[PDB]
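In the deposited numbering, the protein residues as written are 1 to 71.
Below you can see the structure in the form of structure tokens.
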């Protein structure tokens with residue numbers, strides 16, 4: 001299956017189940033979860049979706065703008 005992790009920049013990516021420490025070709029290294037892995041995506045499509053949420057998404061405090069509004 002597919003797995004999700006987080007880069008040092010606070011980023012996130014997807015790979016095959018078993019990646020303990022990935023690497024960014026841009027010039028860095030991606031450290032997966034502490035235990036097993038973050039975001040366990042079975043579907044390739046769900047993988048990209050899980051990573052997006054795992055990304056630097058400022059979604060959580062729904063007080064300013066409404067979800068059904070702009071953001």
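In this text, a Cβ means the ideal position worked out from N, Cα and C, and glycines have one as well.
Excluding the five sequence neighbours on either side, which residues of its own chain have a C-beta within less than 6 Å of the C-beta of residue 1, listed in chain order?
Setting aside the 5 residues that flank it on each side, residue 1 is surrounded in the same chain by 17 and 42, each with a C-beta closer than 6 Å to its C-beta; the list follows chain order.
Using the Cα positions of residue 61 and residue 24, report the straight-line distance between them to the nearest angstrom.
Each residue's alpha carbon lies about 30 Å from the other.
Where the alpha helix (DSSP H) through residue 52 begins and ends:
Annotation for residue 52: the continuous alpha helix (DSSP H) segment containing it runs 44–54.
Unbroken beta strand (DSSP E) run spanning residue 7, endpoints
Run containing residue 7: 2–7, per the beta strand (DSSP E) assignment.
Measure from the alpha carbon of residue 51 to the alpha carbon of each residue in 8, 68, 63 and 13, then state which is nearest.
Nearest C-alpha to residue 51: 13.
The beta strand (DSSP E) enclosing residue 15, as first and last residue numbers
Element bounds for residue 15: 13–16.
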